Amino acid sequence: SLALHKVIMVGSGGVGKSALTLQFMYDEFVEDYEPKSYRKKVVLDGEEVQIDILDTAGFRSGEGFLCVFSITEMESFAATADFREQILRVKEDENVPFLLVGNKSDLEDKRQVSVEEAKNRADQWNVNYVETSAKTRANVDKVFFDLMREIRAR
């Protein structure tokens, strides 16, 4: 019986929740692909564990949350506040494993949310901010592993 870390993908429509999930799961990225709980056995810091990712459309059983927004849409960034508030209430826990993810970092020329703005919010919530790209793979494994580490340590 291996540890099972339950991760939940949250965020506005189109931010890349599915793309991130599929890149992490199968190392595949197909632009314009609109997809089905995904499971995968991985080694976290020397320990084989199982990660379970719930990729919902833009929640109580979840142990950790990846709060995703697109750096190219400030609207999706603004929306993270509601998602944040909703998670804490439903989960009743204020220190729930949470990570703010700014996806689509490869679309820098279309950025609407600066790194400093996102970081400010992350610091305000006492969580980390990581920018990812399902397309270039940049930091995708990092956000899932980092979140599992959060879950691992309560």
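Numbers follow the displayed sequence, beginning with 1.
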| property | result |
| --- | --- |
| Where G58 meets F59 in the shown sequence, the number of deposited residues left unmodelled | 10 or more |
| Sequence continuity check, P35 and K36 (deposited residues unmodelled) | 1 to 3 |
| Between 84-92 and 37-45 (mean CA B-factor, as deposited), the higher | 84-92 |
| Greater mean Cα temperature factor according to the PDB record, 120-128 or 65-73 | 120-128 |
| Identity of residue with top Cα B-factor, from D106, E31, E28, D52 | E31 |
| Position of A3 among the chain's modelled residues by C-alpha B-factor, lowest, middle or highest third | highest |
